[PDB]
>>> print(open('entry_26.txt').read())   # compact mmCIF, C-alpha atoms
# COMPACT_ATOMS: atom_id res chain seq x y z
CA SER H 11 0.00 0.00 0.00
CA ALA H 12 1.48 3.30 -1.20
CA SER H 13 0.46 5.15 1.95
CA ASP H 14 1.41 2.36 4.37
CA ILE H 15 4.78 1.80 2.70
CA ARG H 16 5.46 5.53 2.71
CA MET H 17 4.53 6.03 6.35
CA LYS H 18 6.81 3.14 7.30
CA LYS H 19 9.50 4.27 4.86
CA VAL H 20 9.52 7.85 6.10
CA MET H 21 10.02 6.39 9.59
CA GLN H 22 13.11 4.67 8.18
CA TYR H 23 14.30 8.00 6.81
CA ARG H 24 13.14 9.64 10.03
CA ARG H 25 15.75 7.78 12.06
CA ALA H 26 18.39 8.75 9.51
CA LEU H 27 17.20 12.35 9.66
CA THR H 28 17.07 12.34 13.45
CA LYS H 29 20.56 13.59 14.23
CA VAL H 30 22.62 16.13 16.11
CA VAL H 31 24.00 18.91 13.94
CA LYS H 32 25.11 22.52 14.26
CA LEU H 33 23.32 25.04 12.06
CA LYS H 34 25.06 28.12 10.69
CA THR H 35 23.20 30.70 8.65
CA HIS H 36 21.13 33.92 8.77
CA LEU H 37 18.81 31.83 10.92
CA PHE H 38 21.43 31.39 13.64
CA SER H 39 24.50 29.39 14.59
CA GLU H 40 23.69 26.76 17.23
CA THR H 41 23.90 23.03 17.80
CA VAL H 42 20.49 21.62 16.98
CA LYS H 43 18.88 18.22 16.88
CA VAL H 44 17.40 17.50 13.48
CA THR H 45 14.61 15.14 12.48
CA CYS H 46 11.48 14.92 10.34
CA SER H 47 7.72 14.77 10.89
CA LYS H 48 5.76 11.50 11.06
CA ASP H 49 4.76 11.26 7.39
CA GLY H 50 8.25 12.54 6.60
CA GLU H 51 6.31 15.56 5.39
CA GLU H 52 8.54 18.03 7.23
CA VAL H 53 12.08 18.56 8.42
CA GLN H 54 12.29 19.70 12.03
CA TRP H 55 15.02 20.73 14.46
CA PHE H 56 15.45 21.38 18.16
CA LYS H 57 17.81 24.19 19.17
CA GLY H 58 20.05 22.94 21.95
CA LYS H 59 17.78 21.99 24.82
CA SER H 60 14.18 21.79 23.71
CA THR H 61 10.76 20.59 24.81
CA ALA H 62 9.78 17.73 22.50
CA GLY H 63 6.00 18.19 22.37
CA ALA H 64 4.37 15.73 24.75
CA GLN H 65 7.52 13.55 24.63
CA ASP H 66 6.34 12.55 21.15
CA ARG H 67 8.30 15.53 19.83
CA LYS H 68 5.30 17.36 18.40
CA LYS H 69 6.87 20.70 19.29
CA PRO H 70 9.98 21.46 17.18
CA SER H 71 12.14 24.55 17.68
CA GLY H 72 11.88 25.06 13.95
CA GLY H 73 11.33 23.29 10.67
CA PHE H 74 9.89 23.30 7.17
CA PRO H 75 8.03 21.02 4.70
CA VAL H 76 10.07 18.44 2.81
CA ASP H 77 8.16 19.04 -0.42
CA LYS H 78 8.96 22.73 -0.09
CA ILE H 79 12.73 22.25 -0.01
CA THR H 80 13.73 24.04 -3.20
CA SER H 81 17.26 22.63 -3.27
CA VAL H 82 19.35 20.13 -1.34
CA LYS H 83 23.03 20.58 -2.00
CA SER H 84 26.48 20.36 -0.52
CA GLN H 85 29.11 23.12 -0.52
CA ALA H 86 31.93 23.25 -3.07
CA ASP H 87 34.35 21.53 -0.70
CA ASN H 88 31.66 20.85 1.93
CA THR H 89 34.12 19.17 4.32
CA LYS H 90 31.85 19.68 7.32
CA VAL H 91 29.34 22.02 5.63
CA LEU H 92 25.91 21.36 4.08
CA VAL H 93 23.69 23.82 2.20
CA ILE H 94 19.89 23.49 1.94
CA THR H 95 17.46 26.09 0.60
CA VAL H 96 13.65 26.13 0.91
CA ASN H 97 10.79 27.70 -1.04
CA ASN H 98 7.26 28.60 0.24
CA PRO H 99 8.41 29.25 3.87
CA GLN H 100 10.61 32.33 4.18
CA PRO H 101 13.56 31.37 1.93
CA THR H 102 16.33 30.27 4.23
CA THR H 103 19.49 28.31 3.55
CA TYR H 104 20.41 25.91 6.33
CA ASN H 105 24.01 24.86 6.74
CA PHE H 106 24.16 21.57 8.59
CA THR H 107 27.59 21.40 10.19
CA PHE H 108 28.89 18.69 12.51
CA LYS H 109 32.15 17.44 13.99
CA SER H 110 31.96 14.22 12.00
CA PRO H 111 33.17 14.62 8.38
CA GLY H 112 30.67 11.88 7.58
CA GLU H 113 27.59 12.46 9.76
CA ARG H 114 26.38 15.50 7.85
CA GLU H 115 26.87 13.99 4.41
CA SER H 116 25.00 10.89 5.52
CA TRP H 117 22.20 13.32 6.39
CA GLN H 118 22.68 15.12 3.07
CA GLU H 119 22.05 12.00 0.99
CA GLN H 120 19.39 10.62 3.33
CA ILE H 121 17.24 13.74 3.22
CA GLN H 122 17.42 13.65 -0.58
CA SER H 123 16.04 10.13 -0.65
CA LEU H 124 13.25 11.16 1.73
CA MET H 125 12.54 14.33 -0.24
CA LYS H 126 12.35 12.60 -3.60
CA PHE H 127 10.35 9.79 -2.03
CA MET H 128 7.35 11.89 -1.00
CA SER H 129 8.05 14.87 -3.26
CA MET H 130 8.70 12.71 -6.33
CA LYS H 131 8.30 14.79 -9.48
>>> encode(input="entry_26.txt", output="structure tokens")
Amino acid sequence: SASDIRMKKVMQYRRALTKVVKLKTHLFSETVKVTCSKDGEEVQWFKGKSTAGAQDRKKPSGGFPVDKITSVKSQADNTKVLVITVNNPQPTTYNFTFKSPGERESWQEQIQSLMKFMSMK
């Protein structure tokens, strides 16, 4: 079932999108915890110490719809830097930066798969 498989599949991506990463942009520069909504419909983050809505994390410190991500890219050298831009919400470009030279890029490719999964063109 296309809905059942998606809802389970987004949960698979959800774990791979649930991470700790430091954002750096016009938004702010802070260490945030990233993740996605239940249907994988959104990308969400928690800035430092947060209050995950009702323990089920229904209260993100920020986020945006996955379908609305206008571009998912990596920097030119992108050693520890990621670059993601969104359309529909106020256009912001999120730089996912982490200590691990792998963690972020794992996120980079994983989000793409999730994005193209539900936002398949």
>>> residues_around(input="entry_26.txt", residues="residue 119 of chain H", least_positions_apart="2", cutoff="10 Å", atoms="all atoms listed in the file", output="list in words")
residues 26, 27, 82, 83, 84, 114, 115, 116, 117, 121, 122, 123, 124 and 125 of chain H
>>> residues_around(input="entry_26.txt", residues="residue 74 of chain H", least_positions_apart="4", cutoff="12 Å", atoms="only C-alpha atoms", output="list in words")
residues 44, 45, 46, 47, 50, 51, 52, 53, 54, 55, 70, 78, 79, 80, 94, 95, 96, 97, 98, 99, 100, 101, 102, 103, 104 and 125 of chain H
>>> closest_residue(input="entry_26.txt", among="H:42, H:29, H:12, H:22", to="residue 118 of chain H", atoms="all atoms listed in the file")
H:29
>>> closest_residue(input="entry_26.txt", among="H:24, H:75, H:37, H:105", to="residue 93 of chain H", atoms="all atoms listed in the file")
H:105
>>> closest_residue(input="entry_26.txt", among="H:31, H:76, H:21, H:64", to="residue 126 of chain H", atoms="all atoms listed in the file")
H:76
>>> closest_residue(input="entry_26.txt", among="H:111, H:65, H:73, H:25", to="residue 87 of chain H", atoms="only C-alpha atoms")
H:111
>>> closest_residue(input="entry_26.txt", among="H:71, H:34, H:59, H:77", to="residue 128 of chain H", atoms="only C-alpha atoms")
H:77
>>> atom_distance(input="entry_26.txt", atom1="atom CA of residue 110 of chain H", atom2="atom CA of residue 32 of chain H")
11.0 Å
>>> atom_distance(input="entry_26.txt", atom1="atom CA of residue 28 of chain H", atom2="atom CA of residue 43 of chain H")
7.0 Å
>>> atom_distance(input="entry_26.txt", atom1="atom CA of residue 60 of chain H", atom2="atom CA of residue 33 of chain H")
15.2 Å
>>> closest_residue(input="entry_26.txt", among="H:85, H:120, H:36, H:48", to="residue 67 of chain H", atoms="all atoms listed in the file")
H:48
